[PDB]
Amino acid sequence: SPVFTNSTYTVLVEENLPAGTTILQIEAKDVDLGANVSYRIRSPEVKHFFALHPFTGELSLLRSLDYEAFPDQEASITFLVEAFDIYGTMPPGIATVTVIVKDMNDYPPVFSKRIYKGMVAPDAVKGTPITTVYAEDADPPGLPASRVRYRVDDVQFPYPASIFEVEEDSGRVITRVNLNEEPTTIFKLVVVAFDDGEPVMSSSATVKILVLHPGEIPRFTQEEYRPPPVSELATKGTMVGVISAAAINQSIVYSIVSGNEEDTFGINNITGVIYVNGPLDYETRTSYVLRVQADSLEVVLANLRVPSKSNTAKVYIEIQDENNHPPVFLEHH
């Protein structure tokens, strides 16, 4: 009847170690034979978690542990192990094992988007705001393991990382230095959100940054254009109204971006004059709302559109009924 070197074992085991990890070695001695002692787990309900090598006495995980999967306060498993002499003589030696599961950081921070966009001026001074990134951490709140911090990464795109920075706590992305870059360029800046858990986990996203002078994005003369009624009878080419913007050093190109799916209207993209393009019918349709936009030649020639507050407007077009002659009185009901 072997006797265990210790009559109880306690061991602390990190959650999320992989299947196979040896976590404890036990030992009993046969005082007579001094050899060939063998071991066995006696509490059959824990063969769900562990295996015990019959000759080495090494205990290992059959599956990784999960701290959060246990009832509150109960993240520990206690059980009996037994040791026999070579013959398997009855009663064996018996000891207690207690495996306590240590809580660990489970999740990385996750960004609200895979790709953020922003803009910056070619000559922007150090500290110009560009955009904010944001990540959340699924781990227990208020702990170092769910505390988010941001930084840039220079492994894949080192240059952007040298002209842009992100504030460690707020996730505001800003210019690191006074800029001197080419209008129309689009940088990819890689940002990383990391926590403060054991271990540390992180993920990353991309901020695409377009270089362009804010002043070279056109400003419409109005937010809402409300030209006079257009007659139901208007022939093709009749003028509806005219939109207009100014931009610094730029030719401007005008367009209709939505609301005109029937091609009932058209726009001269250079003059900004909106005209009747198809047939009109008051019974069929009495009013329209077009979304128009103004862009710089430079931006167009670069196959870009940049919709801002000021280079987008709505045009309200109201049709005039020409077949409206209600009678003097009607014997109605």
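Numbering starts at 1 and follows the sequence shown.
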| query | finding |
| --- | --- |
| Of 258-266 and 122-130, the stretch whose C-alpha atoms average the higher B-factor in the entry | 258-266 |
| Of 182-190 and 142-150, the stretch whose C-alpha atoms average the higher B-factor in the entry | 142-150 |
| Top Cα B factor in the deposited entry, candidates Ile209, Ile174, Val230, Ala75 | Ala75 |
| Out of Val31, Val273, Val289, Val292, residue topping the C-alpha B-factor column of the entry | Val31 |
| Position of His325 among the chain's modelled residues by C-alpha B-factor, lowest, middle or highest third | highest |
| Modelled-residue ranking by C-alpha temperature factor, third containing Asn249 | highest |
| Assigned third (lowest, middle, highest) for the C-alpha B factor of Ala19 | middle |
| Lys113 - which third its CA temperature factor falls in, relative to the rest of the chain | middle |
| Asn311 by Cα B-factor - lowest, middle or highest third of the modelled chain | lowest |
